[PDB]
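Enquirer: One structure coming up, written as structure tokens, with questions to follow.
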Amino acid sequence: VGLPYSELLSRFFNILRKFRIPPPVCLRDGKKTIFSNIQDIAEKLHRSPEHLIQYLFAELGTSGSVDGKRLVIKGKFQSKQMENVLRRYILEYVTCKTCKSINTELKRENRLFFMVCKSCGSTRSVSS
Amino acid sequence: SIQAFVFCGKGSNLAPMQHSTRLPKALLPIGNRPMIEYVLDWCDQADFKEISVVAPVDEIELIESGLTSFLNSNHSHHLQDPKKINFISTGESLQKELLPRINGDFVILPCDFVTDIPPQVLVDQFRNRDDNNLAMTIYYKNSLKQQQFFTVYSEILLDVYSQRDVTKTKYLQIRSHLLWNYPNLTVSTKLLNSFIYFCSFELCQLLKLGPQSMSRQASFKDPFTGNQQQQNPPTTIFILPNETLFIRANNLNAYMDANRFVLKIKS
Amino acid sequence: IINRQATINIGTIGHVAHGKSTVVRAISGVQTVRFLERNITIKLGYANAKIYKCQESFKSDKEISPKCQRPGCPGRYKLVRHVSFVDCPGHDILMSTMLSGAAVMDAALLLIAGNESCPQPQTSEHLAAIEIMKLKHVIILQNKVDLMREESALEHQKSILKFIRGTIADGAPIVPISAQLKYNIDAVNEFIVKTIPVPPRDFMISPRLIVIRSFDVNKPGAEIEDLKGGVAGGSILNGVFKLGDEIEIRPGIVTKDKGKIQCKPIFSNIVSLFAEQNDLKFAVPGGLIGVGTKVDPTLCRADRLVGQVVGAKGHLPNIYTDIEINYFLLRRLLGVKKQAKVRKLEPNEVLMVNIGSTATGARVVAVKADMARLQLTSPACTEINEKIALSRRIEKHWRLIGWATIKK
């Protein structure tokens, strides 16, 4: 049998579908990782600060607390591996798929985080 | 009270020699002599009776045969093959398994060894200073890039930082709580660990309660830092490893260092 | 709404590193267990799938969820049937599982992707096996056409057509399918419904089962007073299994820790069957139904219950030690994109042997022209017949030599 296939193939064929990085102002005075510039990062990328902290925790075994703008995170972490981490979080936790856009806002939507784009309005998975 | 450990395995990192089932890494002729001869000589020099040898799932009798034939020692050796190791863990998993056989202090010495330094003086040092862990460092060749990091303190001789540069973070990473205590620290770049290990009695209990050991180097000696908070209870001197420097040529083999040993030998 | 269970078995086979499990998942819904103590034991695929057609034509009808709100229909779909999928790996080493699947299977699925070479030996071998084990219902599917141009696919199709001419099986439908897009499943379902005739289900001969995955189904820290039996997730070959049967685990486990191999088989009784969502008394064969037997949770761990078989009190599965294999050797070694001639066997060497549903290491005892005896370290067994695929050590990882037949 080789008659109802071409149409299917045709149908299949038919149905087929960054300067935003902020400069991190951090001095390498260690023991505890101090990020004072993180508020700016949160602002520019339209993000809640806590999510970034959580991501950092997930990445490497750290323990600290949130302070209003500035972070006190345990560990002598730098401004290049931390930078790498930041870059990573800006390639799988900010970028979209359907349409690559600049403005992406954070919304707490119930316990797991799901962010929305300001240009179109689409729910994207924010966990990996 | 007194016992020595001999670690045996199989090569995976080296390029060529090891692919055949008949010939293992334990019996290799580098220069018309077996590789394990040196270790045997060292043991003889040291004078010990009870020595237990550990072996993986592969080769069960060949090693025994090697031990028997050709070779001076005249000691009682005991060889065992547990069936839990999968190569992907090397000796930590063996150590965890074998614990009731241990009576006192134990010496750890793998098969991959080339030695020229005096033997008994390490043991004596271990005995005297009364500490948990002891390791040695030897320089790289001077005769005609990033390698691995070490730190030294001397006035007592102690180790502070021993983390390798495999998954290295681009800037230097230490701790100030470990730096404010012991204000003077010297950064070592040329020195390399030569697999010499000495251990005490107060380590047997911690292995069963909390398994954390990796590669016999990554987290075998690295949990020692009693700083900032301290939550884990110690078993009953502060938990600190020691490090001593040596001048003479005695080195390890793991990566691209097999053809150089031959050169060193033939002069 | 009360739902009926599976009666017809559909099997999906292809080639290694192409994707079959994913495809199965896409077809059905829920993620499979295979690939420390739970889930993993041996490479397989199990998930529940629903046949509910809404008629108020073309291709689009079927949906993943029981509640239908996607094309434009407010009402419920009519009762047709139910299916449970058994996925077998398309490896040269892993052939035993495929063979096992074959005897069970009523519907077959073949997969060819547009990235590798046109002539394929493994697929041909599979086809031959199918032909041998009394089967006619074969369906051809195309794996990936996403990065393909326009004419290449056509060329591939032509090549396929050219290939399938001098074979027993001829009545075969061809469908282009996707795995990641979550579309083009309704059409597949329709094809499954229409083309294949209702297979006269029957229960006789000798009921047989094949446990691929072992489970300890309990909450982390279960109390003494309330304990559940060890669930053995196994695909039933033939014969309807019901509540109230005496089961044996055939191969036998090494209990001495000198080492003896000769031991009596372990007996167990059924407690409860797990299928779809709601509990059922009977079990119609043709799916990996979780059979809850009186086995300890310590036994059902990882690398011990790899492809161990389950049978009724007195049957023919049977225990084995060195195993009896009659091998047929090929001319030259196949797999490399360097080629070497096949050498004669050498005494005392570690080689991997795959019979029935097992993937375990073995040692060579005797050297002969056609027959071979091998000693097993970890449990292994055989069903009714089923072929053997041998894998030998040449360079680092395991390599194929040829196919074989069991004389028992």
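By order of appearance in the structure tokens: chains A, B, ..., then residues from 1 within every chain, and ligands from 1 in the order shown.
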With 9 Å as the limit and counting only C-alpha atoms, what residues in chain C lie close to chain B? Please list them as a list in words.

Expert: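 Putting it all together, I get residues 349, 350, 394, 395 and 396 of chain C.
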
Enquirer: Include N, CA, C and O atoms and write out the residues we just selected as a CSV table (one decimal), in the first residue's frame.

Expert:
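Result file is part-v7.csv:
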chain,number,residue,atom,x,y,z
C,349,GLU,N,37.7,-17.2,29.8
C,349,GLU,CA,37.7,-15.7,29.5
C,349,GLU,C,36.3,-15.1,29.7
C,349,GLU,O,35.3,-15.8,29.4
C,350,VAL,N,36.3,-13.9,30.3
C,350,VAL,CA,35.0,-13.2,30.7
C,350,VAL,C,34.3,-12.7,29.4
C,350,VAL,O,34.9,-11.8,28.7
C,394,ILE,N,36.7,-7.3,22.6
C,394,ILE,CA,37.8,-7.1,21.6
C,394,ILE,C,38.5,-5.8,21.9
C,394,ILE,O,39.8,-5.8,22.1
C,395,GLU,N,37.8,-4.6,21.9
C,395,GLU,CA,38.4,-3.3,22.3
C,395,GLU,C,37.5,-2.5,23.2
C,395,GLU,O,36.4,-2.0,22.7
C,396,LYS,N,37.9,-2.4,24.4
C,396,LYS,CA,37.2,-1.6,25.5
C,396,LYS,C,35.8,-2.0,25.8
C,396,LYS,O,35.5,-2.7,26.8

Enquirer: Residues of chain C within 12 Å of chain A, using only C-alpha atoms, as number ranges by chain?

Expert: C: 58-60, 139-142, 144-151, 153-154, 157-158, 161, 170-178, 181-184, 187-188, 191, 195

Enquirer: Restrict the selected residues to N, CA and C atoms and save them as a short mmCIF file (atom, residue, chain, number, x, y, z; two decimals), in the first residue's frame.

Expert:
data_model
loop_
_atom_site.label_atom_id
_atom_site.label_comp_id
_atom_site.auth_asym_id
_atom_site.auth_seq_id
_atom_site.Cartn_x
_atom_site.Cartn_y
_atom_site.Cartn_z
N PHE C 58 -10.55 11.12 8.13
CA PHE C 58 -9.25 11.82 8.13
C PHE C 58 -8.16 11.10 8.94
N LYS C 59 -7.79 11.66 10.10
CA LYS C 59 -6.74 11.10 10.97
C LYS C 59 -6.90 11.50 12.44
N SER C 60 -7.22 12.77 12.68
CA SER C 60 -7.29 13.34 14.03
C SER C 60 -8.55 12.94 14.79
N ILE C 139 4.11 -3.06 11.03
CA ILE C 139 3.90 -1.65 10.68
C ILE C 139 5.25 -0.92 10.62
N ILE C 140 5.47 -0.20 9.51
CA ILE C 140 6.69 0.58 9.29
C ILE C 140 6.46 2.05 9.67
N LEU C 141 7.39 2.62 10.42
CA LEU C 141 7.34 4.02 10.85
C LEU C 141 8.64 4.76 10.53
N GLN C 142 8.53 6.06 10.24
CA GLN C 142 9.69 6.92 9.98
C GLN C 142 9.97 7.79 11.20
N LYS C 144 12.70 10.32 12.18
CA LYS C 144 13.02 11.75 12.13
C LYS C 144 13.13 12.30 10.71
N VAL C 145 12.26 13.27 10.40
CA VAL C 145 12.25 13.97 9.11
C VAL C 145 12.29 15.50 9.32
N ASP C 146 12.68 15.91 10.53
CA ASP C 146 12.66 17.32 10.95
C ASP C 146 13.72 18.21 10.28
N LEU C 147 14.93 17.68 10.13
CA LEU C 147 16.05 18.42 9.52
C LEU C 147 16.26 18.10 8.03
N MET C 148 15.46 17.16 7.53
CA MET C 148 15.51 16.71 6.13
C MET C 148 14.98 17.78 5.17
N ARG C 149 15.49 17.77 3.94
CA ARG C 149 15.12 18.75 2.91
C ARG C 149 13.73 18.48 2.32
N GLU C 150 13.68 17.88 1.12
CA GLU C 150 12.43 17.58 0.42
C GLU C 150 12.46 16.24 -0.32
N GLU C 151 13.56 16.00 -1.04
CA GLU C 151 13.70 14.84 -1.92
C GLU C 151 14.40 13.67 -1.24
N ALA C 153 14.00 12.39 1.74
CA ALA C 153 13.01 11.52 2.37
C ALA C 153 12.38 10.59 1.34
N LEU C 154 12.04 11.16 0.18
CA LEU C 154 11.45 10.42 -0.93
C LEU C 154 12.40 9.31 -1.38
N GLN C 157 12.50 6.52 1.09
CA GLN C 157 11.27 5.75 0.94
C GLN C 157 11.41 4.76 -0.22
N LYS C 158 11.93 5.26 -1.33
CA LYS C 158 12.16 4.47 -2.54
C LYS C 158 13.09 3.30 -2.24
N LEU C 161 11.36 0.68 -0.23
CA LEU C 161 10.48 -0.06 -1.12
C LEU C 161 11.26 -1.13 -1.89
N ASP C 170 4.14 -8.50 3.54
CA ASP C 170 3.88 -7.52 2.48
C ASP C 170 2.84 -6.47 2.88
N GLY C 171 1.79 -6.91 3.57
CA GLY C 171 0.72 -6.03 4.04
C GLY C 171 1.16 -5.16 5.21
N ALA C 172 1.81 -4.04 4.88
CA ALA C 172 2.39 -3.14 5.87
C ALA C 172 2.04 -1.67 5.59
N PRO C 173 1.52 -0.95 6.62
CA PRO C 173 1.28 0.49 6.48
C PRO C 173 2.48 1.35 6.90
N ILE C 174 2.69 2.46 6.19
CA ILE C 174 3.81 3.37 6.44
C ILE C 174 3.28 4.72 6.95
N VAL C 175 3.77 5.13 8.12
CA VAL C 175 3.34 6.38 8.78
C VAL C 175 4.57 7.21 9.21
N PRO C 176 4.62 8.51 8.82
CA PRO C 176 5.67 9.39 9.34
C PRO C 176 5.29 9.96 10.72
N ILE C 177 6.15 9.73 11.71
CA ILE C 177 5.84 10.05 13.12
C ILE C 177 6.89 10.91 13.82
N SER C 178 6.44 11.66 14.83
CA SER C 178 7.30 12.49 15.68
C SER C 178 7.17 12.10 17.16
N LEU C 181 7.33 16.53 19.43
CA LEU C 181 6.31 17.53 19.09
C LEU C 181 4.94 17.33 19.76
N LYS C 182 4.73 16.13 20.33
CA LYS C 182 3.47 15.72 20.99
C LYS C 182 2.23 15.66 20.07
N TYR C 183 2.47 15.73 18.76
CA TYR C 183 1.44 15.57 17.74
C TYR C 183 1.72 14.34 16.86
N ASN C 184 0.78 14.04 15.96
CA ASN C 184 0.80 12.85 15.08
C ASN C 184 0.83 11.52 15.86
N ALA C 187 -3.39 9.74 14.41
CA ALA C 187 -3.30 9.02 13.15
C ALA C 187 -2.79 7.60 13.38
N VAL C 188 -1.75 7.50 14.20
CA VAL C 188 -1.15 6.21 14.56
C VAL C 188 -2.19 5.31 15.22
N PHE C 191 -4.64 4.03 12.72
CA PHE C 191 -3.99 2.98 11.95
C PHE C 191 -4.03 1.65 12.70
N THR C 195 -6.33 -1.21 10.50
CA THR C 195 -5.57 -2.16 9.67
C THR C 195 -5.46 -3.58 10.25
#

Enquirer: Could you tell me how far CA of residue 235 in chain C lies from CA of residue 211 in chain C, in Å and to one decimal?

Expert: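 Between CA of residue 235 in chain C and CA of residue 211 in chain C the gap is 6.4 Å.
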
Enquirer: Based on only C-alpha atoms, which of the residues in chain A come within 9 Å of chain B? I want them as an MDAnalysis selection string.

Expert: chainID A and resid 28 30:32 75:81

Enquirer: Write the residues of the selection above to a file with N, CA and C atoms, as a PDB file, in the first residue's frame.

Expert:
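The resulting file, selection.pdb, is shown below:
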ATOM      1  N   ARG A  28      37.091  40.874  45.286  1.00  0.00           N
ATOM      2  CA  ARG A  28      37.375  39.485  45.677  1.00  0.00           C
ATOM      3  C   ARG A  28      37.811  39.307  47.148  1.00  0.00           C
ATOM      4  N   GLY A  30      37.252  37.835  50.197  1.00  0.00           N
ATOM      5  CA  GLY A  30      36.499  36.584  50.308  1.00  0.00           C
ATOM      6  C   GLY A  30      35.978  36.132  51.659  1.00  0.00           C
ATOM      7  N   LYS A  31      36.253  34.861  51.981  1.00  0.00           N
ATOM      8  CA  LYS A  31      35.637  34.095  53.091  1.00  0.00           C
ATOM      9  C   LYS A  31      34.119  33.945  52.939  1.00  0.00           C
ATOM     10  N   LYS A  32      33.428  35.082  52.865  1.00  0.00           N
ATOM     11  CA  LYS A  32      32.012  35.136  52.533  1.00  0.00           C
ATOM     12  C   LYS A  32      31.807  35.906  51.227  1.00  0.00           C
ATOM     13  N   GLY A  75      31.393  31.265  51.691  1.00  0.00           N
ATOM     14  CA  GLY A  75      32.283  30.778  50.636  1.00  0.00           C
ATOM     15  C   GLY A  75      33.092  31.898  50.010  1.00  0.00           C
ATOM     16  N   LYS A  76      34.336  31.583  49.648  1.00  0.00           N
ATOM     17  CA  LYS A  76      35.243  32.532  49.000  1.00  0.00           C
ATOM     18  C   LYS A  76      35.082  32.449  47.476  1.00  0.00           C
ATOM     19  N   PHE A  77      33.891  32.822  46.998  1.00  0.00           N
ATOM     20  CA  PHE A  77      33.586  32.771  45.569  1.00  0.00           C
ATOM     21  C   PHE A  77      33.945  34.065  44.840  1.00  0.00           C
ATOM     22  N   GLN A  78      34.366  33.896  43.589  1.00  0.00           N
ATOM     23  CA  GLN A  78      35.085  34.916  42.820  1.00  0.00           C
ATOM     24  C   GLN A  78      34.187  35.829  41.970  1.00  0.00           C
ATOM     25  N   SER A  79      34.778  36.423  40.931  1.00  0.00           N
ATOM     26  CA  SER A  79      34.060  37.219  39.938  1.00  0.00           C
ATOM     27  C   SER A  79      34.342  36.713  38.512  1.00  0.00           C
ATOM     28  N   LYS A  80      34.446  35.389  38.372  1.00  0.00           N
ATOM     29  CA  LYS A  80      34.626  34.737  37.068  1.00  0.00           C
ATOM     30  C   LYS A  80      33.883  33.397  36.975  1.00  0.00           C
ATOM     31  N   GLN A  81      33.979  32.578  38.027  1.00  0.00           N
ATOM     32  CA  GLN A  81      33.130  31.389  38.171  1.00  0.00           C
ATOM     33  C   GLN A  81      31.698  31.811  38.545  1.00  0.00           C
TER      34      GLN A  81
END

Enquirer: What lies within 12 Å of residue 45 in chain C using only C-alpha atoms, ignoring chain neighbours under 6 positions off, as number ranges by chain?

Expert: C: 10-13, 19-35, 39, 84-89, 97-98, 101, 212-213, 233-235, 287-289

Enquirer: Go ahead and save the picked residues with N, CA and C atoms, as an mmCIF file, in the first residue's frame.

Expert:
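Final output, saved to result39.cif:
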data_model
loop_
_atom_site.group_PDB
_atom_site.id
_atom_site.type_symbol
_atom_site.label_atom_id
_atom_site.label_comp_id
_atom_site.auth_asym_id
_atom_site.auth_seq_id
_atom_site.Cartn_x
_atom_site.Cartn_y
_atom_site.Cartn_z
ATOM 1 N N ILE C 10 1.024 -4.365 21.482
ATOM 2 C CA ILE C 10 1.766 -3.667 20.428
ATOM 3 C C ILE C 10 3.218 -3.490 20.883
ATOM 4 N N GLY C 11 4.149 -3.974 20.061
ATOM 5 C CA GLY C 11 5.581 -3.892 20.356
ATOM 6 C C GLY C 11 6.322 -2.950 19.427
ATOM 7 N N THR C 12 7.208 -2.139 20.007
ATOM 8 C CA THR C 12 7.994 -1.154 19.259
ATOM 9 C C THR C 12 9.477 -1.534 19.275
ATOM 10 N N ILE C 13 10.031 -1.767 18.084
ATOM 11 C CA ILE C 13 11.453 -2.126 17.919
ATOM 12 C C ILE C 13 12.135 -1.304 16.819
ATOM 13 N N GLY C 19 15.896 6.207 19.442
ATOM 14 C CA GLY C 19 14.788 6.629 20.297
ATOM 15 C C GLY C 19 13.552 5.780 20.074
ATOM 16 N N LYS C 20 13.209 4.973 21.078
ATOM 17 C CA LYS C 20 12.031 4.097 21.034
ATOM 18 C C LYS C 20 11.173 4.317 22.277
ATOM 19 N N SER C 21 11.839 4.354 23.430
ATOM 20 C CA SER C 21 11.180 4.570 24.713
ATOM 21 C C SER C 21 10.441 5.906 24.718
ATOM 22 N N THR C 22 11.117 6.932 24.206
ATOM 23 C CA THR C 22 10.558 8.279 24.118
ATOM 24 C C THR C 22 9.291 8.267 23.256
ATOM 25 N N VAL C 23 9.377 7.571 22.124
ATOM 26 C CA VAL C 23 8.265 7.430 21.184
ATOM 27 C C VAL C 23 7.067 6.779 21.887
ATOM 28 N N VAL C 24 7.363 5.716 22.633
ATOM 29 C CA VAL C 24 6.360 4.965 23.385
ATOM 30 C C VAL C 24 5.651 5.893 24.386
ATOM 31 N N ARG C 25 6.462 6.685 25.087
ATOM 32 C CA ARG C 25 5.976 7.641 26.076
ATOM 33 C C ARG C 25 5.021 8.644 25.423
ATOM 34 N N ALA C 26 5.445 9.143 24.263
ATOM 35 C CA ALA C 26 4.671 10.101 23.484
ATOM 36 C C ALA C 26 3.314 9.511 23.108
ATOM 37 N N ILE C 27 3.348 8.256 22.656
ATOM 38 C CA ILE C 27 2.150 7.511 22.278
ATOM 39 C C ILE C 27 1.171 7.374 23.463
ATOM 40 N N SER C 28 1.699 6.945 24.610
ATOM 41 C CA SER C 28 0.896 6.608 25.791
ATOM 42 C C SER C 28 0.638 7.792 26.733
ATOM 43 N N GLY C 29 1.685 8.256 27.427
ATOM 44 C CA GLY C 29 1.571 9.379 28.364
ATOM 45 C C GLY C 29 2.590 9.395 29.492
ATOM 46 N N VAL C 30 2.399 8.499 30.466
ATOM 47 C CA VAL C 30 3.217 8.435 31.692
ATOM 48 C C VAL C 30 4.628 7.911 31.386
ATOM 49 N N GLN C 31 5.628 8.506 32.043
ATOM 50 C CA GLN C 31 7.043 8.159 31.858
ATOM 51 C C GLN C 31 7.379 6.768 32.407
ATOM 52 N N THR C 32 8.186 6.028 31.646
ATOM 53 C CA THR C 32 8.620 4.669 32.006
ATOM 54 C C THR C 32 9.671 4.654 33.129
ATOM 55 N N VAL C 33 9.823 3.493 33.769
ATOM 56 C CA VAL C 33 10.733 3.317 34.906
ATOM 57 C C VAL C 33 12.182 3.023 34.497
ATOM 58 N N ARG C 34 12.357 2.171 33.484
ATOM 59 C CA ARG C 34 13.683 1.751 33.016
ATOM 60 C C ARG C 34 14.394 2.834 32.207
ATOM 61 N N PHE C 35 15.717 2.909 32.391
ATOM 62 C CA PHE C 35 16.618 3.868 31.720
ATOM 63 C C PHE C 35 16.191 5.329 31.870
ATOM 64 N N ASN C 39 12.712 1.273 40.243
ATOM 65 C CA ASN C 39 12.717 1.530 38.789
ATOM 66 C C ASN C 39 13.643 0.642 37.941
ATOM 67 N N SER C 84 -1.601 -1.657 26.620
ATOM 68 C CA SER C 84 -0.378 -1.478 27.400
ATOM 69 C C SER C 84 0.834 -1.815 26.532
ATOM 70 N N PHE C 85 1.762 -0.864 26.442
ATOM 71 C CA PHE C 85 2.923 -0.973 25.555
ATOM 72 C C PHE C 85 4.128 -1.645 26.207
ATOM 73 N N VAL C 86 4.745 -2.560 25.460
ATOM 74 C CA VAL C 86 6.003 -3.202 25.850
ATOM 75 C C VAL C 86 7.071 -2.809 24.826
ATOM 76 N N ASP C 87 8.071 -2.062 25.293
ATOM 77 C CA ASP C 87 9.163 -1.586 24.443
ATOM 78 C C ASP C 87 10.431 -2.405 24.663
ATOM 79 N N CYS C 88 10.998 -2.883 23.557
ATOM 80 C CA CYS C 88 12.222 -3.682 23.564
ATOM 81 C C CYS C 88 13.356 -2.951 22.834
ATOM 82 N N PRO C 89 14.584 -2.969 23.408
ATOM 83 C CA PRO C 89 15.735 -2.285 22.801
ATOM 84 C C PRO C 89 16.203 -2.928 21.494
ATOM 85 N N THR C 97 15.544 -9.732 24.825
ATOM 86 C CA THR C 97 14.335 -9.015 25.210
ATOM 87 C C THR C 97 13.392 -8.874 24.017
ATOM 88 N N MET C 98 13.971 -8.512 22.872
ATOM 89 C CA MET C 98 13.228 -8.369 21.617
ATOM 90 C C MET C 98 12.540 -9.683 21.249
ATOM 91 N N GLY C 101 9.641 -10.364 23.478
ATOM 92 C CA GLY C 101 8.549 -9.499 23.053
ATOM 93 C C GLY C 101 7.804 -10.099 21.875
ATOM 94 N N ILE C 212 11.083 -8.319 33.927
ATOM 95 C CA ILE C 212 12.203 -7.495 33.462
ATOM 96 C C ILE C 212 12.618 -6.512 34.566
ATOM 97 N N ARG C 213 11.627 -5.924 35.239
ATOM 98 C CA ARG C 213 11.858 -4.956 36.316
ATOM 99 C C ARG C 213 11.305 -5.421 37.662
ATOM 100 N N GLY C 233 7.322 -6.357 38.249
ATOM 101 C CA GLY C 233 6.823 -5.813 36.986
ATOM 102 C C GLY C 233 7.267 -6.655 35.808
ATOM 103 N N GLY C 234 6.338 -7.449 35.277
ATOM 104 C CA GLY C 234 6.644 -8.395 34.207
ATOM 105 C C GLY C 234 5.629 -8.462 33.084
ATOM 106 N N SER C 235 6.135 -8.652 31.867
ATOM 107 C CA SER C 235 5.306 -8.825 30.674
ATOM 108 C C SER C 235 4.871 -10.282 30.533
ATOM 109 N N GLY C 287 1.174 -7.234 28.089
ATOM 110 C CA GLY C 287 1.586 -6.006 28.767
ATOM 111 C C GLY C 287 2.370 -6.257 30.043
ATOM 112 N N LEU C 288 3.176 -5.269 30.430
ATOM 113 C CA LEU C 288 4.031 -5.353 31.616
ATOM 114 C C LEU C 288 3.248 -4.985 32.884
ATOM 115 N N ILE C 289 2.415 -5.924 33.329
ATOM 116 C CA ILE C 289 1.573 -5.752 34.518
ATOM 117 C C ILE C 289 2.383 -6.091 35.774
#
